[PDB]
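Q: I'd like to ask you about the structure that follows.
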Amino acid sequence: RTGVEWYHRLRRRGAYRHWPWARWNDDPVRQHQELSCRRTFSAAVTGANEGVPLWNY
Amino acid sequence: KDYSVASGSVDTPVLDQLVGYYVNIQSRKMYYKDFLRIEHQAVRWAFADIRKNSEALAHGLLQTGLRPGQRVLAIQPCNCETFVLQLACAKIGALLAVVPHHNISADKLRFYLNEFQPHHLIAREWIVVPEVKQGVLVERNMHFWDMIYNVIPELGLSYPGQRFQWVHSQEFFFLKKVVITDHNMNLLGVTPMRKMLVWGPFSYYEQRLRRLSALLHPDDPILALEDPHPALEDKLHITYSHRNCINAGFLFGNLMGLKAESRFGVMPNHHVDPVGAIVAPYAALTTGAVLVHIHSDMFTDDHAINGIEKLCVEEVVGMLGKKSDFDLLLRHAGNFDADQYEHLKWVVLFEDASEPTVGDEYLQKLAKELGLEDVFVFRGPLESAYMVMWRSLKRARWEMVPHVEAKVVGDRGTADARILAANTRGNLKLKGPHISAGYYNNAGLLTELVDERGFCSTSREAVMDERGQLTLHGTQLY
Amino acid sequence: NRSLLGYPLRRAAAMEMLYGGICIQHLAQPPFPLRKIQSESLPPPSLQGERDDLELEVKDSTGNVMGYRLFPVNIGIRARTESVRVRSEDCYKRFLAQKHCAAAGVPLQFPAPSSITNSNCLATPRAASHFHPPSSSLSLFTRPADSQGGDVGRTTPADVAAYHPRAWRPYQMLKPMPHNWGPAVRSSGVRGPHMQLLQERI
Amino acid sequence: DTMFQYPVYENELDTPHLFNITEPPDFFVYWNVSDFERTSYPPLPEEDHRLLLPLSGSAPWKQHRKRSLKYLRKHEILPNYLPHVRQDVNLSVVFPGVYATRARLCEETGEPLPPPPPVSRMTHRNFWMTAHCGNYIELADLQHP
Amino acid sequence: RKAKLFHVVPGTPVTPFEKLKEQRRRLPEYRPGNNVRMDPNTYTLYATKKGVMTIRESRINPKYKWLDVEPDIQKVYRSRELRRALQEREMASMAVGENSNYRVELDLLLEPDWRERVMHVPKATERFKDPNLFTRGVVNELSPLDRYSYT
Amino acid sequence: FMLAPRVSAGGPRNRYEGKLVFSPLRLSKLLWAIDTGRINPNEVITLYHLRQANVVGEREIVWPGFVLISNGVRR
Amino acid sequence: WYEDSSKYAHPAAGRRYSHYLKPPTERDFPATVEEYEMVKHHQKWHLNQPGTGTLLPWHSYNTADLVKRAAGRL
Amino acid sequence: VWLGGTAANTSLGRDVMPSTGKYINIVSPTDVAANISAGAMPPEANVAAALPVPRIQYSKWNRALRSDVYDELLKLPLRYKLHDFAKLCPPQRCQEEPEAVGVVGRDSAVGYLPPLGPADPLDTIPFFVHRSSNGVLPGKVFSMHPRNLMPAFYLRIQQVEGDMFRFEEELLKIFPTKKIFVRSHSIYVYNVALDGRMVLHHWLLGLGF
Amino acid sequence: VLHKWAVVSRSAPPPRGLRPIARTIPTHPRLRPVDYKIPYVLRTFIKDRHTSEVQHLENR
Amino acid sequence: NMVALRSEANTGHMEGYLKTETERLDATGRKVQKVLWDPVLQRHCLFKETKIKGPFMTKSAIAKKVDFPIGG
Amino acid sequence: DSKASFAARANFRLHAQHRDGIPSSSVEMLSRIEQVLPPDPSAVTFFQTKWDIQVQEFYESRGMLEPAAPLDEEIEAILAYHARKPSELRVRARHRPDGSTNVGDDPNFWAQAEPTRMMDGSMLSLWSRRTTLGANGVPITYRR
Amino acid sequence: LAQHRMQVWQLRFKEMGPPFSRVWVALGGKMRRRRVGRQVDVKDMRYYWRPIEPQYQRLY
RNA sequence: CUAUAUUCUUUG
């Protein structure tokens, strides 16, 4: 981890003042909204598609 | 009278949107009303149709590889489709060059290909062209196909990868598709791989032409016409924009008078100059009207006769042209009855400024012969779409076309060049919505000066008269 | 079943083999077999697929390239860039006119009417639906002077034709003239009148 | 010619050639003005399926069933708007189309063209005028029940 | 010399604007993996998409590695999160492939023979298989230029 | 500063004699002056009336006098 | 004042003398055999453009007082 | 090297052409994508990216009141109830077109009004705040140690006259976190910039001053 | 590359669609494929490029 | 070695070019000419070899007047 | 073909809780039809259509207001990009709008989209983020 | 009074920004010694206004 | 730095 700017991004200094510019708590993919279809034609079955997995889990 | 400047009444409206805009509007207003009739192609089109297959053809060109920057070269002979192509190229922003077909060799074709460097070439297999037998003009059928194979011999050599090779002729590497326009009367269409898809929805989510039309601007040039008498050695084809065309047609349409679905004709072979290419069909579009084509051609006596016989059936309230072809009508007009022409009321001739001065007693001959209420004469250089000033048969005074400034200045300034003394030879400069400062050349798209006062150089020398009158001249050579 | 070469051998080669080195027999080749595509194996239709399939030149950060190809080459580059900037801006203004117009259901007009933009700036929920104006309200005239007609008042001088409400001035100037400066040239650039000129006192 | 071939599907029920659009390969494209009145609907399939009895043992019905389901997934009807589709009955909803490109009128009057005779039986002329999975029909011919 | 090192914590989200690794020209130490690009001259690895960077080691020789970037971050996050939460409840298995200690064993129990499938030299005839396969359409690809297994 | 090249032998922002550098006058300020009652809407407003009513101090006045900007004023 | 007085040249002058306050000689043709020879050479120097009757200097000051606008809205 | 491929042909909306034949002996855009000799094109180079447009700035010459800042004031346990937000804004445009409007309440584009008076009678505000000679509200934003050009700022509230401490004690509820001092002439609020000046001016306008 | 915020800006770049970039074996002896033979094929020179690069094809 | 490739169409535009050792060799007395993108024309043009330091628009860059077959 | 009928027809879901705007009788009828139906359809087939003039005349004949499809966002962002001066995107300050100091050694930071405001953002910790909203609904960068 | 603002800076830099943050910006010289045979990218890394290093800016 | 390069590109 040696080097000057590596020291500058730990103590977060002038260029790096807000470090990692990509952190957890951003996802470029789902934009933090829940993908589900509540748009079911009949309002009866509204939750019919639920827990359709997003990945292997 | 005193100083050389001329101005039209500025009270008439100007149309500044794209062409596609007015096509859509006119489509929504009069959908079923007629737009253009052509008997010999069996073409009867409403505004519905002009819109529908304009943008349909546009998508066709998109799928044939055309993109907003590039150019299209068109050798077509007085068809419906050269105009449809104008609208199509307008929609995708491609410059459409229309070149005169009457004298065409492999040589000047290769010249055009070197100049415009077009992506598409719209040509025929067989094209009809005038030529002289025993001192008499007759139609010949030229094989243009042969010509294309002369210019590009490499299409004759076929190895079975070659449809997909990246560059089809190492000579012209920009040439991609050649669209052949010819009527084949067999009921079965062509197979889907020699044909472009012109119909139905082209997408799912949004029609991409209207995404694209946001990036297009009314002054983006789309057209190029050959100038028979080039102002300089340099200016070869003069170039028009959306604004130029639409406003030319609207000014003509307004200045005459035109009412919805009144019938209004055009003499052929004018689609290469701003009569059939610009003024006529955009007049018919801007004011609800119905354009009518007579017989496909002019030069031979037989289809002059055929022409008149057609024009009396089609009920034309008035028609357009140039003197040269009105001679042909004049010859064979005597052979018919005085009352066959009773629907014809007015007629119009457009005049290049290098003609000079169509004689008025000739107009008198026209009106007395066809039982014409009135003859209108329009005049101007080619960058004006042949309209700067205009006169009637009853009014010999030359009035300026509305929104046009013509001034003749000295040589020592650009914006601030001073007006001259009204008889003096000097530099002619025009200002108006349908005037164009663009021109096309071996180099590319070029422009000459458009200054801070708003005028634009034509690089032409001119003389103004005391009464409203312009006379063009070549560069002064002392 | 299987073959030693894994595909049926075409009769030409066979007959050419068992009559040694001679093919006079079948020289007319049958066309290759077809590969069918499953149209429902294809992925669902996407919007971005529709945006970018055309591959327009406007998504470049270098500048507006579609603008450069639609523009005269005559113009010296440094003055040409800010020309292309002017048309690309005018296209923006027009765009926003179409947007605010469709927003208020008004038939389009451009420079823009004021009341439209200012009173549509007054609603956060008005971005949901847009309506077309009736086919009657539709006209060819997109300039206000031709649309709103005459109103009672004026300010600028009566004598000047350049000030007339309906007067038409070209939207942008075009000069063939070259630019006077570039960073790689040493003495290049414009000088104050009483500054020493270039190569002065040689 | 495996790498160069024009796309050919075995079922155009989605009318894919209208949406997925490949450039005509040929250097010379033939385009008239006469074809603007031509209507481009996909070539008639073999084994017209609208007549298939939906027996649970039949091969063609099974294969058409699963086709339709895959289409219904690709246009995002099935999991989304209609989470459970039990496909039993073979449904054909047809419209009385003339294959008319745009909306027309009468020459003798200027009236709207009179409502067409309601279709009695299904024909080959009637095929693309029905509702298959995802296909396209001109608005002009959807104008009546 | 200069020291050439990671400009991001490995196993951490990263934006396309940052250099991932700077290598030094000796085949490089780190080769571009999924969603990563490498400068032809500088051999400096940049990220294409915005995602979570991880180091994959070649099964064959552990001293040759790939940098990978996982496009969606939240997957990796709630995965590692649940994993840790379980680690502390003793409810997690150590038999997963994330564990450096066990990866060899894991590759061995899945595909036991992968050594000899690597050592295998195809003769010229099955490297170069006769073109008419590709022409008649029995096979849809002709690729003589991969004789080598990178795994 | 010797690692940095010269640009434009005058210099980047450079004054020369007869460069037009206007001191900005925000329409906001002017309108505010009118509604507050410094100035007459009735009488044609010159630079003189602006100076007398004190809406601009002397230190702001220099040749050429002033530019009229619209800042945050939509009508 | 521009649109009325300034933009019009002197009623006497032709193309070449247009910019002068009053025409400096009678005839508009180049006056001296030297001036004429110069003009001929100028017209064949530039290829033959319309305005070339009037001599323009080959060199420029590059001074900010004589410069006009490069491009922009009109 | 024979240069060819099916990539020369346009394909719209999905590519159904065989994928082995796209580029033949020509570098794909995927090959130049992985091989680029520059690195990391800047975040400003994303053109499609949807950028924010600032609202109209609150200046000393232009009072543009934002309903939500005012909502930031209304959530607070202040005493001395505030006029509702509608009243701090001048009369409308098409309402003020003709001559039928009064002189004091005239329409202003800038937006300007003479003080409204207290939002409630039967109550006495402990302090009184004087407007400027131009009618500007009191707080000025300075910089502590400007010779260094230090980004750290404070707010000096001067024309306050009355019991200044009650003023301070409402000022406590507006800026709970910041540091506050009183002096006979003026009140200091530290670590508060132009934002703070905007709140303050909203509170004073809405207070009837 | 010059973005739009630089001091200078160039014209439109060459359209990708024409005059393509051939994929050519690296001429550098270190970067050249081992088995690559120096291309001696004794051949009557064919001048036009069209037929010339059909030579590099096996389509039969 | 360093030479200049100046557009055969005279835009005055040139590009620095370092001759390969074959062209560094005097084995041929011909000027190298190469197709390039010309920025000024936005087109593909032919470029010729020329000495680097010298005016790139000479009086000698003038082409003789050519009458074009097109039009009247 | 009535008005109220159209309003109900456009918002239709299959089994509704309540239904309004329609006359009572029709509501009762619909309630019956829905009670008889299962949530699950036994055949599904679907077609696609594109706009034409007959649409217009459907809204105009009945005196309704024909809906319009909204212009595209990405085109708006593209135009707004190419519109702005080249100096809009240059570096205008010591500090990125985030508050980080940008030293000039690094080319990623040589351009700046949003103007940096050094006197704004001090109040955000005491306020709701609703305050951060721009004119177009996008949060503007504040110094923190 | 102005003794210390000397023009060697005023030829080189230009100072830019909102009060309390002001960069001084200059172009980079790699330029007029060797342009040729390098690469286009690093060649036009020249043409951007960049801020100078903060030490130098404080110094001036 | 001074000269030679004067359209986007170029020397010592």
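In the structure tokens, chains take the letters A, B, ... in the order shown, each chain's residues start at 1, and ligands count up from 1 in the order shown.
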Sort by chain and increasing residue number a table of all residues of chain F within 7 Å of chain H, each with its closest pair of atoms and their distance in Å to one decimal, counting only C-alpha atoms, and write it as a Markdown table.

A:
| residue | atom | partner | partner_atom | distance |
| --- | --- | --- | --- | --- |
| F:28 | CA | H:61 | CA | 5.8 |
| F:29 | CA | H:61 | CA | 5.3 |
| F:31 | CA | H:110 | CA | 6.8 |
| F:32 | CA | H:61 | CA | 6.2 |
| F:35 | CA | H:108 | CA | 6.8 |
| F:36 | CA | H:134 | CA | 7.0 |
| F:72 | CA | H:56 | CA | 5.7 |
| F:73 | CA | H:110 | CA | 6.7 |
| F:75 | CA | H:109 | CA | 6.3 |

Q: Excluding same-chain residues fewer than 2 positions from segment 77-91 of chain E, what lies within 9 Å of it counting only C-alpha atoms (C1' of nucleotides), as a ChimeraX atom specification?

A: /A:24-25,57 /E:73-75,93

Q: List as a tab-separated table every residue of chain J that is in contact with chain G, defined as an atom at most 12 Å from one of its atoms (using only C-alpha atoms), together with the nearest atom pair and the distance in Å rounded to one decimal, sorted by chain and then rising number.

A:
residue	atom	partner	partner_atom	distance
J:59	CA	G:45	CA	9.4
J:62	CA	G:47	CA	9.9
J:63	CA	G:47	CA	10.8
J:64	CA	G:47	CA	10.4
J:65	CA	G:47	CA	9.1

Q: Tell me, counting only C-alpha atoms, for each residue of segment 70-109 of chain C within 10 Å of segment 124-136 of chain C, which pair of atoms is nearest and how far apart they are in Å to one decimal, in rows ordered by chain and increasing number, as JSON lines.

A:
{"residue": "C:99", "atom": "CA", "partner": "C:130", "partner_atom": "CA", "distance": 9.4}
{"residue": "C:100", "atom": "CA", "partner": "C:130", "partner_atom": "CA", "distance": 9.9}
{"residue": "C:101", "atom": "CA", "partner": "C:130", "partner_atom": "CA", "distance": 9.5}
{"residue": "C:102", "atom": "CA", "partner": "C:130", "partner_atom": "CA", "distance": 6.1}
{"residue": "C:103", "atom": "CA", "partner": "C:130", "partner_atom": "CA", "distance": 5.4}
{"residue": "C:104", "atom": "CA", "partner": "C:130", "partner_atom": "CA", "distance": 7.5}
{"residue": "C:105", "atom": "CA", "partner": "C:131", "partner_atom": "CA", "distance": 5.3}
{"residue": "C:106", "atom": "CA", "partner": "C:133", "partner_atom": "CA", "distance": 5.8}
{"residue": "C:107", "atom": "CA", "partner": "C:133", "partner_atom": "CA", "distance": 5.9}
{"residue": "C:108", "atom": "CA", "partner": "C:133", "partner_atom": "CA", "distance": 9.3}

Q: Would you write out those residues with C-alpha atoms, as an mmCIF file, in the first residue's frame?

A:
data_model
loop_
_atom_site.group_PDB
_atom_site.id
_atom_site.type_symbol
_atom_site.label_atom_id
_atom_site.label_comp_id
_atom_site.auth_asym_id
_atom_site.auth_seq_id
_atom_site.Cartn_x
_atom_site.Cartn_y
_atom_site.Cartn_z
ATOM 1 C CA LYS C 99 -41.499 20.310 -25.078
ATOM 2 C CA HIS C 100 -43.115 23.272 -23.326
ATOM 3 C CA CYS C 101 -45.613 23.610 -26.154
ATOM 4 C CA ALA C 102 -46.727 19.991 -26.048
ATOM 5 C CA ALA C 103 -46.823 20.414 -22.278
ATOM 6 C CA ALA C 104 -49.507 23.112 -22.343
ATOM 7 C CA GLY C 105 -51.316 21.439 -25.233
ATOM 8 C CA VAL C 106 -50.633 24.517 -27.346
ATOM 9 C CA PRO C 107 -49.740 24.274 -31.046
ATOM 10 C CA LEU C 108 -45.996 24.842 -31.454
#

Q: Any chance you could tabulate, as JSON lines, the residues of chain H at most 7 Å from chain C with each one's nearest atom pair and distance in Å to one decimal, using only C-alpha atoms, in chain and rising number order?

A:
{"residue": "H:12", "atom": "CA", "partner": "C:53", "partner_atom": "CA", "distance": 5.7}
{"residue": "H:13", "atom": "CA", "partner": "C:50", "partner_atom": "CA", "distance": 5.7}
{"residue": "H:45", "atom": "CA", "partner": "C:61", "partner_atom": "CA", "distance": 5.1}
{"residue": "H:47", "atom": "CA", "partner": "C:59", "partner_atom": "CA", "distance": 6.0}

Q: Would you mind listing what lies within 7 Å of residue 237 of chain B as an NGL selection string, with only C-alpha atoms (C1' of nucleotides) counted and same-chain residues fewer than 5 positions away left out?

A: :B and (224-227 or 439-441)

Q: Generate the output file for the selected residues, N, CA, C and O atoms, as a compact mmCIF listing (two decimals), in the first residue's frame.

A:
# COMPACT_ATOMS: atom_id res chain seq x y z
N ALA B 224 -29.20 19.46 -53.98
CA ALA B 224 -28.17 20.13 -54.74
C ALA B 224 -28.61 20.19 -56.18
O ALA B 224 -29.07 19.18 -56.72
N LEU B 225 -28.48 21.34 -56.82
CA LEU B 225 -28.92 21.44 -58.20
C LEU B 225 -27.81 21.97 -59.07
O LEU B 225 -27.01 22.80 -58.63
N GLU B 226 -27.78 21.50 -60.30
CA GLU B 226 -26.77 21.97 -61.22
C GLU B 226 -27.10 23.33 -61.76
O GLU B 226 -28.23 23.61 -62.16
N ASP B 227 -26.09 24.19 -61.77
CA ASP B 227 -26.24 25.51 -62.33
C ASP B 227 -25.66 25.55 -63.74
O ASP B 227 -24.44 25.44 -63.91
N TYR B 439 -23.17 26.15 -51.40
CA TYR B 439 -22.99 25.52 -52.70
C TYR B 439 -22.06 24.34 -52.58
O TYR B 439 -21.26 24.27 -51.66
N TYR B 440 -22.18 23.41 -53.52
CA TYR B 440 -21.41 22.18 -53.46
C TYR B 440 -20.43 22.12 -54.61
O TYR B 440 -20.66 22.66 -55.69
N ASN B 441 -19.33 21.43 -54.36
CA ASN B 441 -18.14 21.54 -55.17
C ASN B 441 -17.33 20.26 -55.06
O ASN B 441 -17.67 19.38 -54.27

Q: Set the cut-off to 6 Å and count only C-alpha atoms: what are the residues of chain B that reach chain C? Output as a list in words.

A: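 Within 6 Å of chain C on chain B, we get residues 10, 13, 29, 69, 445, 446, 447, 449, 450, 451 and 454 of chain B.
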
Q: Name all residues at most 10 Å from residue 57 of chain J (count only C-alpha atoms (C1' of nucleotides); drop same-chain ones fewer than 4 positions away) and give them as number ranges by chain.

A: J: 6, 10-13, 61-62

Q: Could you pull out all residues of segment 32-130 of chain K with a DSSP call of alpha helix (DSSP H) and give them as a PyMOL selection string?

A: chain K and resi 32-36+53-61+73-83

Q: Just write the chosen residues, C-alpha atoms, as a PDB file, in the first residue's frame.

A:
ATOM      1  CA  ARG K  32     -71.239 -10.435 -11.646  1.00  0.00           C
ATOM      2  CA  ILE K  33     -68.926 -11.086 -14.598  1.00  0.00           C
ATOM      3  CA  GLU K  34     -65.852 -10.838 -12.355  1.00  0.00           C
ATOM      4  CA  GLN K  35     -67.329 -13.090  -9.686  1.00  0.00           C
ATOM      5  CA  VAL K  36     -67.860 -15.775 -12.348  1.00  0.00           C
ATOM      6  CA  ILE K  53     -55.275   8.942 -38.439  1.00  0.00           C
ATOM      7  CA  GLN K  54     -58.273   6.928 -37.266  1.00  0.00           C
ATOM      8  CA  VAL K  55     -57.005   7.521 -33.747  1.00  0.00           C
ATOM      9  CA  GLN K  56     -57.309  11.278 -34.136  1.00  0.00           C
ATOM     10  CA  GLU K  57     -60.886  11.082 -35.369  1.00  0.00           C
ATOM     11  CA  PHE K  58     -61.790   8.903 -32.416  1.00  0.00           C
ATOM     12  CA  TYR K  59     -60.825  11.596 -29.915  1.00  0.00           C
ATOM     13  CA  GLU K  60     -61.890  14.555 -32.035  1.00  0.00           C
ATOM     14  CA  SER K  61     -65.336  13.277 -33.025  1.00  0.00           C
ATOM     15  CA  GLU K  73     -35.013  12.404 -22.379  1.00  0.00           C
ATOM     16  CA  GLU K  74     -31.692  11.152 -23.706  1.00  0.00           C
ATOM     17  CA  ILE K  75     -32.035  13.395 -26.721  1.00  0.00           C
ATOM     18  CA  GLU K  76     -32.640  16.285 -24.356  1.00  0.00           C
ATOM     19  CA  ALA K  77     -29.480  15.465 -22.393  1.00  0.00           C
ATOM     20  CA  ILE K  78     -27.463  15.105 -25.604  1.00  0.00           C
ATOM     21  CA  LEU K  79     -28.664  18.456 -26.919  1.00  0.00           C
ATOM     22  CA  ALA K  80     -28.100  20.165 -23.568  1.00  0.00           C
ATOM     23  CA  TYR K  81     -24.572  18.801 -23.643  1.00  0.00           C
ATOM     24  CA  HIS K  82     -23.624  19.931 -27.120  1.00  0.00           C
ATOM     25  CA  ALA K  83     -25.351  23.269 -26.601  1.00  0.00           C
TER      26      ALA K  83
END

Q: Pick out the residues sitting within 10 Å of residue 7 of chain M, and hand them over as a list in words; count only C-alpha atoms (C1' of nucleotides), and ignore anything fewer than 6 positions along from it in its own chain.

A: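 With the cut-off at 10 Å, the set is residues 75, 76, 77, 78, 178, 179, 180, 181 and 182 of chain C; 10 of chain I; 11, 12, 13, 39 and 40 of chain J.
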
Q: Using only C-alpha atoms, I'd like every residue of chain A that has an atom within 12 Å of chain K; please write them out as an NGL selection string.

A: :A and (5 or 8-9 or 12-19 or 21 or 38-46 or 48)
